[PDB]
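This is run-v3.cif. It holds mmCIF, C-alpha atoms and all ligand atoms.
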data_input
#
loop_
_atom_site.group_PDB
_atom_site.id
_atom_site.type_symbol
_atom_site.label_atom_id
_atom_site.label_comp_id
_atom_site.auth_asym_id
_atom_site.auth_seq_id
_atom_site.Cartn_x
_atom_site.Cartn_y
_atom_site.Cartn_z
ATOM 1 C CA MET A 1 -13.997 -8.400 14.903
ATOM 2 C CA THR A 2 -13.592 -8.138 11.122
ATOM 3 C CA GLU A 3 -10.298 -9.177 9.446
ATOM 4 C CA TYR A 4 -8.693 -7.192 6.602
ATOM 5 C CA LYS A 5 -5.742 -8.618 4.651
ATOM 6 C CA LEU A 6 -3.701 -5.707 3.295
ATOM 7 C CA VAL A 7 -0.648 -5.777 1.077
ATOM 8 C CA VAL A 8 1.849 -2.926 0.667
ATOM 9 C CA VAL A 9 3.554 -2.869 -2.742
ATOM 10 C CA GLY A 10 5.801 -0.414 -4.576
ATOM 11 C CA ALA A 11 9.360 -0.016 -5.807
ATOM 12 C CA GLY A 12 12.321 -0.574 -3.556
ATOM 13 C CA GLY A 13 12.980 2.395 -1.358
ATOM 14 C CA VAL A 14 9.564 4.119 -1.604
ATOM 15 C CA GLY A 15 8.760 3.588 2.107
ATOM 16 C CA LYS A 16 6.645 0.412 2.308
ATOM 17 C CA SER A 17 8.359 -0.741 5.482
ATOM 18 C CA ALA A 18 8.531 2.712 7.003
ATOM 19 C CA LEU A 19 4.802 3.242 6.464
ATOM 20 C CA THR A 20 3.830 -0.182 7.854
ATOM 21 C CA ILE A 21 6.076 0.103 10.889
ATOM 22 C CA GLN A 22 4.832 3.662 11.597
ATOM 23 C CA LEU A 23 1.277 2.412 11.556
ATOM 24 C CA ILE A 24 1.895 -0.700 13.739
ATOM 25 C CA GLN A 25 4.770 0.322 16.021
ATOM 26 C CA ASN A 26 4.677 4.141 15.961
ATOM 27 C CA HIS A 27 8.329 4.772 15.059
ATOM 28 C CA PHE A 28 10.182 5.799 11.891
ATOM 29 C CA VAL A 29 12.826 3.423 10.516
ATOM 30 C CA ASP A 30 15.833 4.985 8.692
ATOM 31 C CA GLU A 31 17.485 1.639 7.815
ATOM 32 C CA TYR A 32 15.130 -1.317 7.570
ATOM 33 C CA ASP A 33 16.657 -4.130 5.541
ATOM 34 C CA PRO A 34 14.946 -3.978 2.103
ATOM 35 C CA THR A 35 14.799 -7.765 1.794
ATOM 36 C CA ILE A 36 12.607 -8.270 4.916
ATOM 37 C CA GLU A 37 9.103 -9.407 3.976
ATOM 38 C CA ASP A 38 6.764 -9.982 6.889
ATOM 39 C CA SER A 39 3.301 -9.417 8.229
ATOM 40 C CA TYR A 40 2.076 -7.203 11.025
ATOM 41 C CA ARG A 41 -1.245 -7.731 12.808
ATOM 42 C CA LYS A 42 -3.091 -5.144 14.928
ATOM 43 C CA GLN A 43 -6.607 -4.449 16.082
ATOM 44 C CA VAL A 44 -7.943 -0.910 15.433
ATOM 45 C CA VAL A 45 -11.398 0.799 15.457
ATOM 46 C CA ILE A 46 -12.472 2.319 12.133
ATOM 47 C CA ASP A 47 -16.002 3.703 11.693
ATOM 48 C CA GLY A 48 -17.160 1.935 14.871
ATOM 49 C CA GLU A 49 -15.876 -1.480 13.682
ATOM 50 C CA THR A 50 -13.170 -3.358 15.625
ATOM 51 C CA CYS A 51 -10.904 -4.350 12.680
ATOM 52 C CA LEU A 52 -8.012 -6.857 12.705
ATOM 53 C CA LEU A 53 -5.474 -5.520 10.141
ATOM 54 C CA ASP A 54 -3.151 -8.268 8.778
ATOM 55 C CA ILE A 55 -0.614 -6.290 6.716
ATOM 56 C CA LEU A 56 2.002 -7.852 4.468
ATOM 57 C CA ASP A 57 4.965 -5.523 3.904
ATOM 58 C CA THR A 58 6.466 -6.856 0.643
ATOM 59 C CA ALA A 59 10.184 -6.912 -0.197
ATOM 60 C CA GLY A 60 11.028 -8.180 -3.692
ATOM 61 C CA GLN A 61 8.831 -6.769 -6.448
ATOM 62 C CA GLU A 62 9.705 -9.362 -9.142
ATOM 63 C CA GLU A 63 7.023 -10.200 -11.794
ATOM 64 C CA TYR A 64 7.944 -13.917 -11.693
ATOM 65 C CA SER A 65 7.355 -15.037 -8.161
ATOM 66 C CA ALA A 66 5.085 -17.778 -6.931
ATOM 67 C CA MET A 67 4.869 -16.116 -3.506
ATOM 68 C CA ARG A 68 3.836 -12.758 -5.058
ATOM 69 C CA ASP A 69 1.092 -14.577 -7.029
ATOM 70 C CA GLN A 70 -0.021 -16.122 -3.743
ATOM 71 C CA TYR A 71 -0.164 -12.892 -1.790
ATOM 72 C CA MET A 72 -2.010 -11.197 -4.667
ATOM 73 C CA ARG A 73 -4.581 -14.044 -4.492
ATOM 74 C CA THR A 74 -4.874 -13.781 -0.681
ATOM 75 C CA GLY A 75 -4.703 -9.976 -0.319
ATOM 76 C CA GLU A 76 -8.003 -8.108 -0.065
ATOM 77 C CA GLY A 77 -6.645 -4.569 -0.510
ATOM 78 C CA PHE A 78 -3.452 -3.117 -1.963
ATOM 79 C CA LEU A 79 -1.567 0.025 -0.877
ATOM 80 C CA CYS A 80 0.330 1.000 -4.097
ATOM 81 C CA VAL A 81 3.138 3.254 -2.917
ATOM 82 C CA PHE A 82 5.429 5.528 -4.945
ATOM 83 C CA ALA A 83 7.749 8.266 -3.681
ATOM 84 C CA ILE A 84 7.009 11.833 -4.716
ATOM 85 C CA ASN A 85 10.722 12.398 -5.519
ATOM 86 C CA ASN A 86 11.047 9.183 -7.689
ATOM 87 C CA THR A 87 9.341 9.395 -11.113
ATOM 88 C CA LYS A 88 10.308 5.798 -11.952
ATOM 89 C CA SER A 89 8.439 4.579 -8.845
ATOM 90 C CA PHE A 90 5.339 6.454 -10.076
ATOM 91 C CA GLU A 91 5.737 4.787 -13.550
ATOM 92 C CA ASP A 92 5.940 1.358 -11.819
ATOM 93 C CA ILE A 93 2.395 1.821 -10.413
ATOM 94 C CA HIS A 94 0.514 0.756 -13.529
ATOM 95 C CA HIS A 95 2.481 -2.530 -13.671
ATOM 96 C CA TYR A 96 1.416 -3.402 -10.097
ATOM 97 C CA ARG A 97 -2.214 -2.603 -10.849
ATOM 98 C CA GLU A 98 -2.016 -4.778 -13.988
ATOM 99 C CA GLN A 99 -0.420 -7.690 -12.075
ATOM 100 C CA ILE A 100 -3.026 -7.548 -9.336
ATOM 101 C CA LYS A 101 -5.986 -7.332 -11.754
ATOM 102 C CA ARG A 102 -4.622 -10.318 -13.694
ATOM 103 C CA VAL A 103 -4.252 -12.431 -10.527
ATOM 104 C CA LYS A 104 -7.750 -11.434 -9.337
ATOM 105 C CA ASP A 105 -9.279 -11.848 -12.813
ATOM 106 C CA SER A 106 -11.293 -8.760 -11.721
ATOM 107 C CA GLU A 107 -11.705 -4.990 -12.193
ATOM 108 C CA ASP A 108 -12.966 -4.821 -8.562
ATOM 109 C CA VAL A 109 -9.702 -4.450 -6.697
ATOM 110 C CA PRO A 110 -9.569 -2.398 -3.499
ATOM 111 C CA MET A 111 -6.544 -0.148 -3.942
ATOM 112 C CA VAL A 112 -5.221 3.193 -2.646
ATOM 113 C CA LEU A 113 -2.523 5.152 -4.462
ATOM 114 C CA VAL A 114 0.015 6.521 -1.951
ATOM 115 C CA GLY A 115 2.572 9.210 -2.754
ATOM 116 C CA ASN A 116 5.009 8.856 0.137
ATOM 117 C CA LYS A 117 7.849 11.128 1.279
ATOM 118 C CA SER A 118 5.661 14.210 1.179
ATOM 119 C CA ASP A 119 8.113 15.885 3.625
ATOM 120 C CA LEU A 120 10.789 16.019 0.883
ATOM 121 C CA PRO A 121 10.929 19.406 -0.842
ATOM 122 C CA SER A 122 12.358 18.324 -4.231
ATOM 123 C CA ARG A 123 9.219 16.830 -5.724
ATOM 124 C CA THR A 124 9.334 15.139 -9.128
ATOM 125 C CA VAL A 125 5.749 13.830 -9.361
ATOM 126 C CA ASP A 126 3.150 16.590 -9.552
ATOM 127 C CA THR A 127 0.283 16.001 -7.166
ATOM 128 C CA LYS A 128 -2.176 16.741 -9.966
ATOM 129 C CA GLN A 129 -0.664 14.024 -12.207
ATOM 130 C CA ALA A 130 -1.061 11.495 -9.384
ATOM 131 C CA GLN A 131 -4.651 12.669 -8.814
ATOM 132 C CA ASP A 132 -5.339 12.188 -12.533
ATOM 133 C CA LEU A 133 -3.880 8.675 -12.451
ATOM 134 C CA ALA A 134 -5.932 7.730 -9.411
ATOM 135 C CA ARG A 135 -9.062 9.143 -11.048
ATOM 136 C CA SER A 136 -8.363 7.066 -14.160
ATOM 137 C CA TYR A 137 -8.268 3.939 -11.970
ATOM 138 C CA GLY A 138 -11.208 4.958 -9.795
ATOM 139 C CA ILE A 139 -9.128 4.782 -6.598
ATOM 140 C CA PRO A 140 -8.294 7.197 -3.774
ATOM 141 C CA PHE A 141 -4.984 9.087 -3.772
ATOM 142 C CA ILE A 142 -3.266 10.128 -0.507
ATOM 143 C CA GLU A 143 0.175 11.722 0.035
ATOM 144 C CA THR A 144 1.893 10.489 3.200
ATOM 145 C CA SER A 145 5.098 11.011 5.142
ATOM 146 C CA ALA A 146 6.242 7.976 7.068
ATOM 147 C CA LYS A 147 8.881 10.267 8.624
ATOM 148 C CA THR A 148 6.381 12.683 10.209
ATOM 149 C CA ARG A 149 3.400 10.209 10.307
ATOM 150 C CA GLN A 150 1.357 12.535 8.012
ATOM 151 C CA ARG A 151 -1.714 10.651 6.756
ATOM 152 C CA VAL A 152 -0.307 7.212 7.648
ATOM 153 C CA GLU A 153 -3.475 6.029 9.392
ATOM 154 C CA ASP A 154 -5.527 7.746 6.666
ATOM 155 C CA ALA A 155 -3.832 5.668 3.965
ATOM 156 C CA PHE A 156 -4.397 2.302 5.615
ATOM 157 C CA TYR A 157 -7.889 3.121 6.970
ATOM 158 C CA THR A 158 -8.978 4.408 3.565
ATOM 159 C CA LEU A 159 -7.959 1.044 2.129
ATOM 160 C CA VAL A 160 -10.118 -0.744 4.762
ATOM 161 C CA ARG A 161 -13.043 1.506 3.740
ATOM 162 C CA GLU A 162 -12.485 0.560 0.075
ATOM 163 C CA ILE A 163 -12.635 -3.148 0.915
ATOM 164 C CA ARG A 164 -16.028 -2.593 2.667
ATOM 165 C CA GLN A 165 -17.427 -0.653 -0.325
ATOM 166 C CA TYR A 166 -16.407 -3.550 -2.538
ATOM 167 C CA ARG A 167 -17.857 -6.244 -0.158
ATOM 168 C CA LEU A 168 -21.346 -4.733 -1.093
ATOM 169 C CA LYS A 169 -20.801 -4.735 -4.888
HETATM 170 O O1 LIG A 201 6.761 -16.888 4.101
HETATM 171 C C1 LIG A 201 6.220 -15.761 4.128
HETATM 172 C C2 LIG A 201 5.356 -15.408 3.089
HETATM 173 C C3 LIG A 201 4.100 -16.023 3.047
HETATM 174 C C4 LIG A 201 3.186 -15.715 2.037
HETATM 175 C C5 LIG A 201 3.511 -14.775 1.072
HETATM 176 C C6 LIG A 201 4.752 -14.172 1.100
HETATM 177 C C7 LIG A 201 5.672 -14.475 2.091
HETATM 178 O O2 LIG A 201 6.881 -13.865 2.125
HETATM 179 S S1 LIG A 201 1.604 -16.438 2.064
HETATM 180 O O3 LIG A 201 0.843 -16.020 0.843
HETATM 181 O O4 LIG A 201 1.717 -17.941 2.132
HETATM 182 N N1 LIG A 201 1.051 -15.881 3.449
HETATM 183 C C8 LIG A 201 0.438 -14.697 3.514
HETATM 184 S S2 LIG A 201 -0.278 -13.831 2.259
HETATM 185 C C9 LIG A 201 -0.754 -12.560 3.314
HETATM 186 C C10 LIG A 201 -1.435 -11.425 2.992
HETATM 187 CL CL1 LIG A 201 -1.947 -11.206 1.376
HETATM 188 C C11 LIG A 201 -1.720 -10.468 3.966
HETATM 189 C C12 LIG A 201 -1.293 -10.685 5.261
HETATM 190 C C13 LIG A 201 -0.601 -11.871 5.557
HETATM 191 O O5 LIG A 201 -0.200 -12.054 6.839
HETATM 192 C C14 LIG A 201 -0.317 -12.816 4.595
HETATM 193 N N2 LIG A 201 0.385 -14.030 4.674
HETATM 194 C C15 LIG A 201 0.988 -14.627 5.903
HETATM 195 C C16 LIG A 201 2.214 -13.836 6.341
HETATM 196 C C17 LIG A 201 3.426 -14.180 5.525
HETATM 197 C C18 LIG A 201 4.627 -13.521 6.183
HETATM 198 C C19 LIG A 201 5.793 -13.550 5.265
HETATM 199 N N3 LIG A 201 6.431 -14.952 5.181
HETATM 200 C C20 LIG A 201 7.331 -15.457 6.288
HETATM 201 C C21 LIG A 201 6.505 -16.364 7.205
HETATM 202 C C22 LIG A 201 7.481 -16.907 8.281
HETATM 203 N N4 LIG A 201 8.141 -15.816 9.018
HETATM 204 C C23 LIG A 201 8.934 -14.967 8.130
HETATM 205 C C24 LIG A 201 8.022 -14.341 7.090
HETATM 206 N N1 LIG A 202 12.195 11.643 4.026
HETATM 207 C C1 LIG A 202 11.502 10.497 4.050
HETATM 208 N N2 LIG A 202 12.181 9.349 3.977
HETATM 209 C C2 LIG A 202 11.488 8.190 4.006
HETATM 210 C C3 LIG A 202 10.040 8.147 4.087
HETATM 211 N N3 LIG A 202 9.617 6.880 4.086
HETATM 212 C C4 LIG A 202 10.736 6.144 4.007
HETATM 213 N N4 LIG A 202 11.840 6.928 3.968
HETATM 214 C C5 LIG A 202 13.243 6.490 3.856
HETATM 215 O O1 LIG A 202 13.400 5.890 2.585
HETATM 216 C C6 LIG A 202 14.247 4.733 2.715
HETATM 217 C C7 LIG A 202 13.502 3.482 2.269
HETATM 218 O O2 LIG A 202 12.384 3.199 3.121
HETATM 219 P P1 LIG A 202 11.832 1.747 3.330
HETATM 220 O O3 LIG A 202 10.621 1.867 4.173
HETATM 221 O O4 LIG A 202 12.931 0.869 3.744
HETATM 222 O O5 LIG A 202 11.476 1.416 1.794
HETATM 223 P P2 LIG A 202 10.896 0.039 1.168
HETATM 224 O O6 LIG A 202 12.048 -0.554 0.390
HETATM 225 O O7 LIG A 202 9.770 0.520 0.276
HETATM 226 O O8 LIG A 202 10.444 -0.813 2.333
HETATM 227 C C8 LIG A 202 14.666 4.670 4.170
HETATM 228 O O9 LIG A 202 15.933 5.327 4.311
HETATM 229 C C9 LIG A 202 13.603 5.457 4.907
HETATM 230 O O10 LIG A 202 14.043 6.097 6.098
HETATM 231 C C10 LIG A 202 9.348 9.439 4.184
HETATM 232 O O11 LIG A 202 8.090 9.534 4.282
HETATM 233 N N5 LIG A 202 10.142 10.530 4.154
HETATM 234 MG MG MG A 203 10.961 -2.714 3.045
#
As structure tokens - that is how I would like this structure written.
Amino acid sequence: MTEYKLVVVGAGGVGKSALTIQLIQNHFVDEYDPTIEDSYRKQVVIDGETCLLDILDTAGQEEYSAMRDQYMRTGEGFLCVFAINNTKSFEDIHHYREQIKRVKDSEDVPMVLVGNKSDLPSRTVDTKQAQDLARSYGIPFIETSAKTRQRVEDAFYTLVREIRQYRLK
């Protein structure tokens, strides 16, 4: 058993809850109250390791929050989610990365950039712009659909793999 403390952040409505609940409970939620902040624990096997994932699905995204500072201190990896049909949510990404780096007082922050809602046809964020942003940060970029489950496990398992790479640096 190895524990991994993951935190899902991103603007309201991008699919943080839907992604987390798809991973843990294998169903898509259409109407999950946006103010619910809670953790979900589950054992999974990734690269031959039995992993305990302890995932915090965050609700409020306010800068000034003692509890956000605390979960940024405690969290080991961060899933930074935007929606591919919401340019503003893509612009919010750099603020989250900045907040997390400040709390960690480190450049070494395990992070995965997730462009969710890949099933929606009216894209506003070009995949290649998101790939450029991820490259600039030195982090993986994955597009997911919580609705169809596309790359949901990939997003969270990639974040686990990032935490291991960092545990050796
Ligand atoms: O009271 C909380 C709660 C607790 C905390 C932060 C935010 C938050 O909404 S905490 O920092 O004191 N606990 C953490 S941080 C954390 C991380 Cl970074 C990953 C996985 C975690 O499980 C985790 N936790 C504990 C889980 C907090 C759940 C959210 N929560 C209440 C707890 C009582 N039941 C309703 C949700
Ligand atoms: N089409 C589509 N809708 C999604 C997807 N993920 C979430 N949603 C919807 O977007 C809305 C917000 O999702 P939610 O998970 O509550 O967002 P959160 O505020 O980031 O937790 C809900 O109506 C979801 O059903 C997705 O991958 N595709
Ligand atoms: Mg939510």
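Closest approach to residue A:90 among A:130, A:21, A:56, A:7: A:130, based on all atoms listed in the file.
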Nearest to ligand LIG 201 (chain A) by atom-to-atom distance, counting all atoms listed in the file, from A:41, A:27, A:164, A:169: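 With all atoms listed in the file as the atom set, the closest residue is A:41.
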Shell of 7 Å around residue A:146, only C-alpha atoms, local chain residues under 3 positions omitted, as a ChimeraX atom specification: /A:18-19,22,28,117,149-150,152
Applied to the shown file, which residues does the PyMOL selection byres (((chain A and resi 84) around 12) and not hetatm) return, written as a PyMOL selection string? chain A and resi 13-15+81-83+85-91+113-130+142-145
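For the atom pair formed by atom CA of residue A:137 and atom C18 of ligand LIG 201 (chain A), the distance is 28.3 Å, given to one decimal.
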Please list as a VMD selection string every residue within 12 Å of residue A:159, counting only C-alpha atoms and excluding residues in the same chain fewer than 5 positions away. chain A and resid 4 to 8 46 53 55 75 to 80 109 to 114 139 to 142 152 to 154 164 to 166
Which residue gives the smallest distance to ligand LIG 201 (chain A) among A:161, A:66, A:168, A:32, with all atoms listed in the file counted?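 Closest to ligand LIG 201 (chain A) of all the choices is A:66.
What separates atom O3 of ligand LIG 202 (chain A) from atom CA of residue A:158 is a distance of 19.8 Å.
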May I have the centre and edge lengths, in Å to one decimal, of an axis-aligned box around the listed atoms of ligand LIG 202 (chain A) with 5 Å added to every side, as AutoDock Vina command-line options?
--center_x 12.0 --center_y 5.4 --center_z 3.2 --size_x 17.8 --size_y 22.5 --size_z 15.8
